Amino acid sequence: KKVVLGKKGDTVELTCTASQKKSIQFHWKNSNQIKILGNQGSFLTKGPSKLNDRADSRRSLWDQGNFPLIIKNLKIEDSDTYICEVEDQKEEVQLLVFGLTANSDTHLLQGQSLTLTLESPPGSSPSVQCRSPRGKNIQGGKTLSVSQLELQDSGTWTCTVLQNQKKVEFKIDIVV
Amino acid sequence: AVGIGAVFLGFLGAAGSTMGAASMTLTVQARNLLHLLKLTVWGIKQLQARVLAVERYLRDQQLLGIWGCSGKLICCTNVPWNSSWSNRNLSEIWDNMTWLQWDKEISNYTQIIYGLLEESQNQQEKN
Amino acid sequence: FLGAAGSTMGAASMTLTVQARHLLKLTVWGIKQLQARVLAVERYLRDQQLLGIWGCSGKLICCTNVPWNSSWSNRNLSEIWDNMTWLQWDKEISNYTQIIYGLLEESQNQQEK
Amino acid sequence: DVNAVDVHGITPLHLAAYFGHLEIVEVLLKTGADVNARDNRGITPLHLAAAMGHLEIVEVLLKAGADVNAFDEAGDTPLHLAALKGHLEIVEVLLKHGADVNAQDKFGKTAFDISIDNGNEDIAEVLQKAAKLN
Amino acid sequence: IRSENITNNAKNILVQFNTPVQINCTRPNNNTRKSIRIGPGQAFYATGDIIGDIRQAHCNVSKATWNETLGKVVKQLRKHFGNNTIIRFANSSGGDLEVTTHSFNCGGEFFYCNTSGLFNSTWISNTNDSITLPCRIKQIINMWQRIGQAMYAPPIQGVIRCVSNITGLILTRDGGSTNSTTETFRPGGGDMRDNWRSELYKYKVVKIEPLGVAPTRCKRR
Amino acid sequence: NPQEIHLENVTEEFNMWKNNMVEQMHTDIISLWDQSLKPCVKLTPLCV
Amino acid sequence: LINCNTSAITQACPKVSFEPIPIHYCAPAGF
Ligand SMILES: *[C@@H]1O[C@H](CO)[C@@H](O[C@@H]2O[C@H](CO)[C@@H](O[C@@H]3O[C@H](CO[C@H]4O[C@H](CO)[C@@H](O)[C@H](O)[C@@H]4O)[C@@H](O)[C@H](O[C@H]4O[C@H](CO)[C@@H](O)[C@H](O)[C@@H]4O[C@H]4O[C@H](CO)[C@@H](O)[C@H](O)[C@@H]4O[C@H]4O[C@H](CO)[C@@H](O)[C@H](O)[C@@H]4O)[C@@H]3O)[C@H](O)[C@H]2NC(C)=O)[C@H](O)[C@H]1NC(C)=O
Ligand SMILES: *[C@@H]1O[C@H](CO)[C@@H](O[C@@H]2O[C@H](CO)[C@@H](O[C@@H]3O[C@H](CO)[C@@H](O)[C@H](O)[C@@H]3O)[C@H](O)[C@H]2NC(C)=O)[C@H](O)[C@H]1NC(C)=O
Ligand SMILES: *[C@@H]1O[C@H](CO)[C@@H](O[C@@H]2O[C@H](CO)[C@@H](O[C@@H]3O[C@H](CO)[C@@H](O)[C@H](O)[C@@H]3O)[C@H](O)[C@H]2NC(C)=O)[C@H](O)[C@H]1NC(C)=O
Ligand SMILES: *[C@@H]1O[C@H](CO)[C@@H](O[C@@H]2O[C@H](CO)[C@@H](O[C@@H]3O[C@H](CO)[C@@H](O)[C@H](O)[C@@H]3O)[C@H](O)[C@H]2NC(C)=O)[C@H](O)[C@H]1NC(C)=O
Ligand SMILES: *[C@@H]1O[C@H](CO)[C@@H](O[C@@H]2O[C@H](CO)[C@@H](O)[C@H](O)[C@H]2NC(C)=O)[C@H](O)[C@H]1NC(C)=O
Ligand SMILES: *[C@@H]1O[C@H](CO)[C@@H](O[C@@H]2O[C@H](CO)[C@@H](O)[C@H](O)[C@H]2NC(C)=O)[C@H](O)[C@H]1NC(C)=O
Ligand SMILES: *[C@@H]1O[C@H](CO)[C@@H](O[C@@H]2O[C@H](CO)[C@@H](O)[C@H](O)[C@H]2NC(C)=O)[C@H](O)[C@H]1NC(C)=O
Ligand SMILES: *[C@@H]1O[C@H](CO)[C@@H](O[C@@H]2O[C@H](CO)[C@@H](O)[C@H](O)[C@H]2NC(C)=O)[C@H](O)[C@H]1NC(C)=O
Ligand SMILES: *[C@@H]1O[C@H](CO)[C@@H](O)[C@H](O)[C@H]1NC(C)=O
Ligand SMILES: *[C@@H]1O[C@H](CO)[C@@H](O)[C@H](O)[C@H]1NC(C)=O
Ligand SMILES: *[C@@H]1O[C@H](CO)[C@@H](O)[C@H](O)[C@H]1NC(C)=O
Ligand SMILES: *[C@@H]1O[C@H](CO)[C@@H](O)[C@H](O)[C@H]1NC(C)=O
Ligand SMILES: *[C@@H]1O[C@H](CO)[C@@H](O)[C@H](O)[C@H]1NC(C)=O
Ligand SMILES: *[C@@H]1O[C@H](CO)[C@@H](O)[C@H](O)[C@H]1NC(C)=O
Ligand SMILES: *[C@@H]1O[C@H](CO)[C@@H](O)[C@H](O)[C@H]1NC(C)=O
Ligand SMILES: *[C@@H]1O[C@H](CO)[C@@H](O)[C@H](O)[C@H]1NC(C)=O
Ligand SMILES: *[C@@H]1O[C@H](CO)[C@@H](O)[C@H](O)[C@H]1NC(C)=O
Ligand SMILES: *[C@@H]1O[C@H](CO)[C@@H](O)[C@H](O)[C@H]1NC(C)=O
Ligand SMILES: *[C@@H]1O[C@H](CO)[C@@H](O)[C@H](O)[C@H]1NC(C)=O
Ligand SMILES: *[C@@H]1O[C@H](CO)[C@@H](O)[C@H](O)[C@H]1NC(C)=O
């Protein structure tokens, strides 16, 4: 029951597991049993889904026994389970995609408040732990707000989002 | 595969027939047994197939003649039949069953059958 | 059939029962392989035709009632089965090989009678 | 053959630059294909690389020493065909590799005039920036 | 139709035809259009035209015969599913060019044919034209034998022609949990073992054990 | 001349997807295509 | 970083004629 996390725009590598080392037929299905990829001989066959143009695989690893899943331009509606069908296995992975940002882009001053915005996928409750170069280790739930924003709080704050003992880091645009 | 390789599948006919009929027709089926690149390169391959058929036939005939039945299609041997191998009547096997299902029955036992036949022939030659 | 000759007499007597179970270039070598296989089969059938006289046809281990002189073996014969191999034993009785074959064939002749 | 030529002067490097296969381009470069192959119609692999919009093969060819100001029978630079099909990134690639903005074809068509006749404004602005910094 | 497993979208569905669908195809001997271009980019336009017309071909398929064949196919395919359920075809979803397009060789020259105009269909239950498929010759081919790519010799200038049957068909069902309706079928293939299974479908190799052992009432010696 | 013998009363499983016959046909066709069609450029990935 | 280096082979490539022919498979002796 492995789970991986995204950064809403990067790439995620989901791998299967094989041992016969013969480039056996495999596929990729979600929880609705919709095809995503699949090996037909030595070619690549993209499945008829909403993940058509951005899904990819590393063809050089197929003879070794690894069948990866590379997804570019990651978005929040793709947070769903995925199934490997190498031989007769039914190994499953979970993808957790969210985004953390702010509302004020550039227009900020000295001595105001700061607000965050986290778009969590439906069916999750992550925890945001912020870390500041000034030492403001803000602990809280999903939504976080900072009541002080002055000149010494400049720099990109690293608010990491943890769930299921797995955490990923982000950046915060502060223009004063 | 002409000749001996043809008669390896020659007795394959009537495989689903009655157990008592095939054993009588073994004798009849055995009685029924009877340009540059073509002859230098192509001919030696059919020669290999024919000599492989002859080698297989002599290997099978030698394995049959271990038990004192050289040249005999049907031979009776003094090995007693253990009841654990079959535990069934003599009538129903020869009146109902076929050869394929019977070898599916005795595939577990035929390995020790061949060894006990070899040991019985060895004991016959010892006395 | 010449393999596993390092074993002794009593071991070979058991293992014989175990034994019971560029185009012109390729053609001229395959034809010599065919000579080897066909003359091996022909020698096997010739030896079986020879053995059919002695009554042991088709049988690897046989027994006869042919009398054996103590002068041919010239040995107590108890220790030839465990520590002495076949190759030395064939050279022991190489001078006396044809007369015992002649003894077998006439012995089978009164066995017919 | 690596340097194979047909009756039309078209090389396998021309085909690999047209169809956008980077691996075949790199492999033919490693085996020793001509980076400045000339045909009967004056087209080098750099024109076919620039016109279709494949930045990788353009970088690979310009990193091997292809002529940045190659002239065909029509006098067109690869920058002209880069700006004709609306490929902006290719245009600052050949401006980073040193293409002349004042080059003329056999009809009198500049890359600025190519960009403004095609209604392409962002190409014209960045090449005017490059010509101002020349 | 033959499959490992109906109602599993991973396995291919091989379809065998009782009647052959004749497909015939040609490469033209020379260029026919020879367009004249005055505007800028004329040298690249002429070079693209000659290098595109050196590799262009078309395949003709009889429309009525292939339509009646797929009319048999849809009636056979409605047996394994519901009769009232609408089933229909679609073109290839995406992937490599050997999967998205038809790939076959004539005289050592590779043809990639666009079968999107062929598989256009829709069907509702209880209710001399010749179609042309544009085919292009691609030099860069993903090998079916091994992972990798290959580039071969440029095509021969002479006219090349292939007239051939259509014996079998390869399908992948889009498995979908959307009301069990509008079952779409897309062409697949690429694994050549599936191609050899479509002709070696009724054959099995066995060895012979002629030695038999039986009990009886006989006696020996 | 082919020899073809028809059986009378027989019922045998003819599972063809697990056929071992194909995993030989496929290797024979790979051998044929490797002997016959030699490409001008052949690229294959090799991983350590 | 996993070492995955593509190997390229340049070979002489003449023109050949392609025509598939019907082939049978024959079982060996005893089969
Ligand atoms: C399914 O099966 C079917 C049938 O089983 C397949 O259909 C077959 O497809 C084949 C591929 O095209 C095709 O083969 C061609 O046939 C041509 C005609 O053959 C007849 O004429 C010749 C000569 O008179 C006779 O010897 C022969 O017995 C026939 O009666 C051949 O001419 C073709 O050979 C040419 O092409 C190959 C392609 O690689 C060359 O290697 C070869 O050297 C030949 O090259 C000549 O022609 C080309 C093109 O014209 C020229 O560029 C070249 O320089 C040569 O030119 C000479 O000859 C031409 C006249 O052709 C002349 O003008 C010139 O001056 C030169 O003298 C080729 O062999 C089958 O006919 C066809 N079968 C049927 C029944 O239609 C189908 O493909 C299969 N499906 C799949 C998917 O494979
Ligand atoms: C052939 O295809 C059928 C589909 O028609 C396969 O049957 C499917 O098998 C899976 C795994 O056994 C089933 O998933 C299970 O579903 C139950 C709820 O129904 C759930 O509680 C389990 O945890 C599991 O996820 C699936 O339902 C089932 N589908 C159907 C329609 O029966 C079958 O495995 C394939 N292979 C063979 C050899 O038959
Ligand atoms: C199967 O058929 C469909 C439709 O008949 C084909 O879809 C077409 O796909 C191409 C690209 O693959 C689309 O072109 C795109 O247009 C957008 C427009 O904004 C452009 O931004 C893209 O860069 C690209 O040029 C085309 O629009 C689309 N057709 C339709 C009607 O949506 C599909 O390619 C066919 N598949 C096969 C394997 O033949
Ligand atoms: C196989 O044939 C079908 C149609 O017979 C092809 O679908 C057509 O593909 C072209 C280009 O991919 C589409 O043109 C597009 O038009 C939009 C809007 O004008 C434009 O923005 C795009 O840049 C592109 O030019 C076209 O709409 C689409 N459909 C039809 C009905 O023509 C298909 O692409 C062919 N397969 C292959 C592999 O080429
Ligand atoms: C028939 O075969 C069974 C074994 O399949 C024999 O059973 C053995 O009998 C001896 C005593 O007679 C026991 O010591 C063994 O433990 C038994 N089992 C085995 C596996 O040897 C049985 O004796 C045989 N009967 C005849 C008449 O030969
Ligand atoms: C769906 O269509 C099939 C067509 O094959 C119907 O099958 C027929 O069923 C009747 C009644 O059992 C038989 O007499 C016919 O021989 C069948 N075949 C044909 C070709 O008519 C089937 O009944 C239909 N309905 C369902 C619910 O499956
Ligand atoms: C696939 O089929 C659809 C309809 O099922 C076609 O769409 C129509 O095409 C005709 C002729 O091109 C147009 O006159 C219509 O306006 C189209 N739309 C409708 C709603 O009828 C489509 O062109 C077909 N595609 C191919 C490649 O054959
Ligand atoms: C395509 O299918 C047709 C069947 O309609 C084939 O025609 C038959 O070919 C066999 C093979 O020699 C002949 O024995 C028959 O007499 C032919 N029948 C007719 C009606 O002509 C045709 O040969 C097939 N095409 C190919 C290339 O095999
Ligand atoms: C096959 O079975 C039928 C069933 O009645 C029987 O009549 C027929 O004789 C059998 N075939 C043979 C060769 O015995
Ligand atoms: C075996 O045969 C005997 C005598 O014919 C009979 O009494 C017995 O019921 C039979 N047993 C079975 C299992 O057929
Ligand atoms: C013969 O075998 C069949 C199948 O095992 C069985 O149904 C039938 O009763 C048997 N008949 C006799 C007479 O034993
Ligand atoms: C024979 O061996 C097979 C091996 O799998 C076993 O399944 C079967 O039960 C055995 N039969 C008997 C009668 O021992
Ligand atoms: C030994 O050989 C002689 C012949 O030289 C023979 O007469 C005799 O019977 C043989 N046997 C014995 C025990 O002497
Ligand atoms: C032969 O060996 C046995 C056993 O050691 C011995 O009793 C006998 O005396 C020996 N005979 C001769 C002639 O050496
Ligand atoms: C066999 O006869 C030859 C003839 O001279 C002799 O030299 C040899 O020693 C004999 N072998 C024996 C007696 O074992
Ligand atoms: C090209 O093909 C056309 C077909 O109409 C023909 O008229 C013309 O002479 C051809 N040109 C050549 C072979 O140069
Ligand atoms: C294919 O059909 C079209 C229909 O207009 C026709 O023009 C063309 O000549 C045909 N081609 C062949 C090779 O039959
Ligand atoms: C090609 O196919 C079309 C449509 O089936 C047919 O009309 C035409 O006669 C064919 N041309 C041949 C066989 O040369
Ligand atoms: C194909 O056949 C169906 C019914 O057989 C018919 O409704 C449809 O119009 C046909 N299509 C063409 C293009 O002839
Ligand atoms: C049909 O499918 C949609 C999409 O999953 C679903 O929302 C709807 O409830 C389904 N309707 C029925 C009647 O199953």
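All positions are counted from 1 along the displayed chain.
Header says: electron microscopy, 3.9 Å.
Quick reminder: no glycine exception, Cβ is built from N, Cα and C everywhere.
Looking at the candidates A:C84, A:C130, Swiss-Prot gives A:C84 as the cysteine bonded to A:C16 by a disulfide.
Spatially close to A:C130 (disulfide bond) yet at least six residues away along the chain are A:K136, A:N137, A:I138, A:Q139, A:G140, A:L144, A:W157, A:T158, A:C159, A:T160, judged by Cβ distances under 8 angstroms.
In the three-state DSSP scheme, A:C16 (disulfide bond) falls into the coil class. For A:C159 (disulfide bond), other Cβ atoms within 10 Å of its Cβ number 20. Packing around A:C84 (disulfide bond) is summarised by its Cβ count: 21 other Cβ atoms lie within 10 angstroms of its Cβ, all protein chains included.
Around the Cβ of A:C16 (disulfide bond), a 10 Å sphere holds 22 further Cβ atoms from the protein chains shown. Ligand 9 lies within reach of none of the disulfide-bonded residues A:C16, A:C84, A:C130, A:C159, judged by a C-beta closer than 6 angstroms to any of its atoms.
By a Cβ separation below 8 angstroms, chain E lies close to none of the disulfide-bonded residues A:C16, A:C84, A:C130, A:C159. A:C159 (disulfide bond) falls within a strand when secondary structure is assigned with DSSP.
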